[PDB]
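Down below is the structure, laid out as structure tokens.
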Amino acid sequence: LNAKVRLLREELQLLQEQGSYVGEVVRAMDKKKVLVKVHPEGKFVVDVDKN
Amino acid sequence: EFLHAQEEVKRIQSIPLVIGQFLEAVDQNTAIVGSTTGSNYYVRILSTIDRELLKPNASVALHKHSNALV
Amino acid sequence: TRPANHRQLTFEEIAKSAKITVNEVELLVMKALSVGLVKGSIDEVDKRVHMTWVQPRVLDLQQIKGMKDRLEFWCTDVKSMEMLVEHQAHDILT
Amino acid sequence: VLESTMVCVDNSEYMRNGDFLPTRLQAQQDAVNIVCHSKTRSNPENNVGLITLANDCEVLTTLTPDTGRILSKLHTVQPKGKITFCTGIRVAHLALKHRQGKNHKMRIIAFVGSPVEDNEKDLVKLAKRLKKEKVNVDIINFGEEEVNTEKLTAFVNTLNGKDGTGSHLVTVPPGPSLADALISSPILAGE
Amino acid sequence: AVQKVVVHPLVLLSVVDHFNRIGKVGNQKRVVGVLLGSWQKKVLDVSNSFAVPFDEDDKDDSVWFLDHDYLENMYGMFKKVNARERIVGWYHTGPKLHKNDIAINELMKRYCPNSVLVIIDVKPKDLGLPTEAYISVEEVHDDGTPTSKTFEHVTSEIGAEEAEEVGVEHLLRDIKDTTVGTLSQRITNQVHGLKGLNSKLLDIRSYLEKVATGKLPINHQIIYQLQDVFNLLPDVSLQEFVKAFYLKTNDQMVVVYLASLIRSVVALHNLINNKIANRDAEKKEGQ
Amino acid sequence: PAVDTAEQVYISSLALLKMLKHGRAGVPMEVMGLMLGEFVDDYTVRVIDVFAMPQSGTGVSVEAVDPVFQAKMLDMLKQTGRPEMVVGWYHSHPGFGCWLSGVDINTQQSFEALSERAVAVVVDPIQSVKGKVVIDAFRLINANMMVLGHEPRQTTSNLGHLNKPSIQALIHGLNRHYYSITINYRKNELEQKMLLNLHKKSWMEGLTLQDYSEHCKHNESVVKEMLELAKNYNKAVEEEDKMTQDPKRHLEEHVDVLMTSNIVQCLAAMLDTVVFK
Amino acid sequence: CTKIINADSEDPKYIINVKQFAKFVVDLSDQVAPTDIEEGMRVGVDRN
Amino acid sequence: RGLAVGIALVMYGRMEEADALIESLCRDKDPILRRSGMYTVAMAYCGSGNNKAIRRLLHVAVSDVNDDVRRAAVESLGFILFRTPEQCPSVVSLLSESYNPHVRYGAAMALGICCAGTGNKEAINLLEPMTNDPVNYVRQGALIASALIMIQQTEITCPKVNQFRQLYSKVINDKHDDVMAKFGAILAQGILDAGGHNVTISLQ
Amino acid sequence: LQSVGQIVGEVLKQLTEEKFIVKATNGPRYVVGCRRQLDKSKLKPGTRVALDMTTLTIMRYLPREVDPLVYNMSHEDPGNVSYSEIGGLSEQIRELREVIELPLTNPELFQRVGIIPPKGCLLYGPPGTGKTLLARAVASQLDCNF
Amino acid sequence: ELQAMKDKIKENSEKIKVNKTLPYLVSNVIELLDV
Ligand SMILES: Nc1ncnc2c1ncn2[C@@H]1O[C@H](COP(=O)(O)OP(=O)(O)O)[C@@H](O)[C@H]1O
Ligand SMILES: [Zn+2]
């Protein structure tokens, strides 16, 4: 039962968290920075995370 | 306490949802969708949506703000 | 006067009431029904009348005392069965 | 002089009396108008309210510094019913208690021309209680003087206690002019 | 007149806060205010309220100082803040009426034609709603008795907009019960219903005893209503009803029996799976 | 004397209900209002009640404060018996998460200049959907301290934290310009009871009988679905055994609903039939 | 800017055609003279 | 909070003469007073294994609405059970895998207090997975409890102390680590090295 | 002040009784709910709808779109000519009036006879013997939608 | 009552002022219906 409840709570938290855009990598310019174009709006240089 | 959890699930699976197209299954309980608003998102699949019935380029309904494939 | 338990009325007892032979108690009950005072039905095959309504009227203190006694009995029964049910289901009541 | 006042106006049937030209109703209306004008002109920061004494007492204007609204509201008062002076004075006392400004003197002016039907014992007890709550009652008598003179004197004496000149009684059996009498009354002389 | 009135949780909490405020700042027997809502047919919806200064004598029971100027000022202010709300009644937090309530309702009827009085019991009961709705109707009693201006009960209910409803749910999440029928909760609900019925019968019985002994007068409408109750009592000793009841009980119990059979079969299958898994695990651990 | 990360705003139930009502009573407008309450000592903001403000037309800004209205209602409520100062201000951000814009920062700066312990409360009526009340409380940071490098808010206790700051606020300056405050609710027992009264079920509802025709129809629907699920369950178990779940779960749900509904109605029927005679 | 709606003497009420976004109406303010500001050429609208 | 802890301290050693005050506090509506009641139960039945107190603490730990009270109840349970250190893990293990992070933190601290200066094996085993949790304060409590349990334990006696010392060093030396987790690790190192490896922690 | 505009859309599928798939024109497509006072039966695919801005609920239906061509074609049609203004062609009036009017007004004649009502007629002739006028007269007499 | 009516003229005027925050939008009036 505890596993069931924990799974449901994690699912609730993640769903209540918003979504995420999808982008195509134009070029991996510089370390920790990635130039990515996201449809439809302009192309941004993103500060890539650690993972 | 396990009750109220099914309740919150059925409540997040509400009426004013937005239709979209499920493009690909990136991984378990997560996938890429394209909202009919005209933009693509990488959202989280709710549980119990018959992954077998969730075929590529299918018509899905997403939470209006979380865009989750409810 | 007749309670709902045995509210069935008979042509013969109506005749023993206000003086009329049992060939027009039907018409009397019909007039009551039409003017809209009592409600129910008439089964003249067995010569009885079923009532399920009576135009309420102002009453007397003795009548109210009898009604109070009846409600005493009803409330006692209600309390008894409440105690029974709560005692029986004590281990699931939230 | 910082002050919060309540004009208690009687509107019983006896105000139909035509002795005061044109009628007692307009006579007392002009009386309240003039007294309110004088009191407001004296330290405008004072505030004024209006109580009507009818079969069931009523309040038409809570403590306010404006006299125009008070006069406009009073203009519609009509003669009707009978006076209930005890309820009127108690309502006035409650309103003074509720007055927003606590730095004021608790005064109540009452045009009480009528035969007041109240017990003497409770009458004097209420007068003494009002003295305890530090009330200044001004009483305008025009009407059944022969009936209410002793009771109004009891009011004044009990409220004054010793040297308590704050409470006043002015009686005008004749009807030359109510406004003239009130302006030439000792209550308004100090104002 | 108005047939129904529905109060809002916002009104309830405002009233409770007003009473607690007055009590904290000084002991008092009542607190009074105005009720703003909207009209949709004869179903009033009290969507808001606000206090007004008020005090009265407990002995004479005829002297009080409701502040009509305060009332009109704050009504205008609330009109400015939100438009679609108008004076529909007044509330007081008194467990009992008083000889003044009629006079204060007379005062309020100037502001509203169909002014509704609402008695709100801050003290929490356990059976019914905490709000009672009354309306003053005076007419020539067709009963031929002397006519005296008095109130009349009005059907009351508690209802909330979506906003207040989400708010109250978030506040109550700690003790909120499951929004679904669970067997234990349903049994408890039947027990509570029996509690309520017993209490209502006891109250009616106490009134009947009072009338019979003579401490009160006799209300013809009350006697008529209790006559209708006793006359509407059903008969459960009739054969043509006993047979139908037995039939329905048997149907329900066949459904229950099939359900229990399926549940037992599933439990046995689970136990078989557990036995197989345990034996496999022990064999693997040994080898 | 630096504020520590233990200060907490105790929003009354009345305050929260009024705020959310006003937000949904004027969405999509940026509704505004004051928050009457009393700072207790240094770590509490006890928001007794909130204060609706007329729609000023110019969105939300200091120009919408309407000082005459504010002061006159302050005095008038004080007369009513509610003597509290103006602790902070609330204003909605419909749909656009919870955070402060430039005008919001300016207004909060004015409030802090008036008294440097007030708060800025943000409520989102659209995203405060059933079961979620997305509200936030904020206060500004001082540029001198930020440049000096000393942390904007002291941390003497494990409280204050325990909350995951929203990425929206992080982007809009959840720490560069301002900082969030924990929100507690002062749920009195009496208020909790009076709220319960909302969906509290009357004894009529408790002791009533569900319609028998609809009851039989529902029983048939569920029993037939259970039959189909039983067929599928057999197929699954047989294939599993031969080779060496969802049908079982659905079967359990259906059996549970059948049992509970049937037993409830039967017991209610007996209670009624031997209570009403 | 597309038009000045005759400037209505006072209260000019200019019309703007923010590209690919929308068309709006504006008072502008903060400039010297409602007429010497602009007639039909590029302009910088404030954000909110 | 101060009054709660103070009342609990006052009613120390009184095994059974306090039951009236425990009942009153536990019935009270204030969550801080319920927490005071849990602390009072612990101090009253300190080092007694009194099963009435254990039952009350446990029922509060799974029934009450205030997560602070739940955590305090679990810690008080540890206080009750320290006298038989091997016995507590059998209880607090089931809580340790709880959905309520406050309950998890309470389980961590209860295990730490119970098996302080004992070097128990299953206690450390339970703490480890908790030492790897997504929540912050649960990790903090797990680290501190492990420090309490392993204070003055050589690798030979407890073949996990080296692993936990390396874990403490790692968790301290990190970029993205949560502040509370780092704080717990630092205090854990301090406790494990307390007294220059000459002082242990024992409640008896 | 206390009114706010809705969102014009068109239903696409009557989903579960409360769920309606509505496509907001020049925008996305939602699944929305229907408010209390509405005719779900009236709501059919292709019907216009006024959704709410915030909650996206079907506030009320709206009649099907009107093409600009059909609007100019129908809503602007001045026809007012009595049969007396068609001097000749009394017989052709008989046949036309019969076929057009009589099935419209008093179809029970056709029902009693057993024949199904007619639909249309050709009305062909040399360039100007009078056809537009002959149709205008019947349109005016029936005062129906021409 | 005319003074109160003038005050209501004032409240109407301020309502117009607040609701006429000039930065409007421009839109076609395509279609036109009524119930
Ligand atoms: N029988 C008739 N009576 C009166 N006018 C006629 C008759 N026949 C033709 N006309 C005239 O001839 C014109 C024919 O116009 P129209 O009907 O538009 O073209 P068409 O004759 O090809 O149908 C009309 O304006 C009408 O006045
Ligand atoms: Zn803002």
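Residues in the structure tokens are numbered from 1 in each chain, the chains being A, B, ... in the order shown, and ligands are numbered from 1 in the order shown.
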
Within-7 Å residues of ligand 1, basis only C-alpha atoms and all ligand atoms, as a CSV table (one decimal) with N, CA, C and O atoms, in the first residue's frame:
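Now in selection-v5.csv:
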chain,number,residue,atom,x,y,z
I,85,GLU,N,-50.1,42.0,-61.6
I,85,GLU,CA,-49.1,42.6,-62.4
I,85,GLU,C,-48.4,41.7,-63.4
I,85,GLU,O,-47.6,42.2,-64.2
I,86,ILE,N,-48.8,40.5,-63.4
I,86,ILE,CA,-48.4,39.6,-64.5
I,86,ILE,C,-49.6,39.4,-65.4
I,86,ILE,O,-50.5,38.6,-65.2
I,87,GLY,N,-49.7,40.3,-66.4
I,87,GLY,CA,-50.9,40.4,-67.2
I,87,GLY,C,-51.4,39.1,-67.8
I,87,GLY,O,-52.4,38.5,-67.4
I,88,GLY,N,-50.6,38.6,-68.8
I,88,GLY,CA,-50.8,37.3,-69.4
I,88,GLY,C,-50.4,36.1,-68.6
I,88,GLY,O,-50.1,36.2,-67.4
I,89,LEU,N,-50.2,35.0,-69.2
I,89,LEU,CA,-49.7,33.8,-68.6
I,89,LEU,C,-50.5,33.4,-67.4
I,89,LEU,O,-49.9,32.9,-66.4
I,127,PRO,N,-36.4,35.1,-74.4
I,127,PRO,CA,-35.5,35.8,-73.5
I,127,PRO,C,-36.2,36.7,-72.5
I,127,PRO,O,-35.7,36.8,-71.4
I,128,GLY,N,-37.4,37.2,-72.8
I,128,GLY,CA,-38.0,38.2,-71.9
I,128,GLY,C,-39.5,38.0,-71.8
I,128,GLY,O,-40.2,39.0,-71.4
I,129,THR,N,-40.1,36.9,-72.0
I,129,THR,CA,-41.5,36.7,-71.8
I,129,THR,C,-41.9,36.8,-70.4
I,129,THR,O,-43.1,37.0,-70.1
I,130,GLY,N,-41.0,36.8,-69.5
I,130,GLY,CA,-41.2,37.1,-68.1
I,130,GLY,C,-41.1,35.9,-67.2
I,130,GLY,O,-42.0,35.1,-67.0
I,131,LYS,N,-39.9,35.8,-66.6
I,131,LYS,CA,-39.5,34.7,-65.7
I,131,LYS,C,-39.1,35.2,-64.3
I,131,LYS,O,-39.6,34.7,-63.3
I,132,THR,N,-38.2,36.2,-64.3
I,132,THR,CA,-37.9,36.8,-63.0
I,132,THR,C,-39.1,37.4,-62.3
I,132,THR,O,-39.3,37.2,-61.1
I,133,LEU,N,-39.9,38.1,-63.0
I,133,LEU,CA,-41.2,38.6,-62.5
I,133,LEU,C,-42.1,37.5,-62.0
I,133,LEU,O,-42.8,37.6,-61.0
I,134,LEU,N,-42.2,36.5,-62.9
I,134,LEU,CA,-43.1,35.4,-62.5
I,134,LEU,C,-42.7,34.7,-61.3
I,134,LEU,O,-43.6,34.2,-60.5

| Sel. of strand (DSSP E) residues, chain B, as a list in words |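 Going through chain B, the strand (DSSP E) residues come out as residues 18, 19, 20, 21, 22, 23, 24, 25, 26, 27, 30, 31, 32, 33, 34, 35, 39, 40, 41, 42, 43, 58, 59, 60, 61 and 62 of chain B.
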
| Within-10 Å residues of ligand 2, basis only C-alpha atoms and all ligand atoms, as an NGL selection string | :F and (30-32 or 59-61 or 90-94 or 96 or 98-105 or 107 or 120-123)

| task | Using only C-alpha atoms, determine which residues of chain F fall within 9 Å of chain I; present them as a VMD selection string. | result | chain F and resid 27 to 28 126

| said: I'd like the neighbourhood of residue D:89 as a VMD selection string, where a residue qualifies if any of its atoms comes within 10 Å (using only C-alpha atoms), though same-chain residues fewer than 6 positions away should be ignored. | reply: (chain D and resid 6 to 8 51 53 57 95 108 to 110 126 130 137) or (chain E and resid 63)
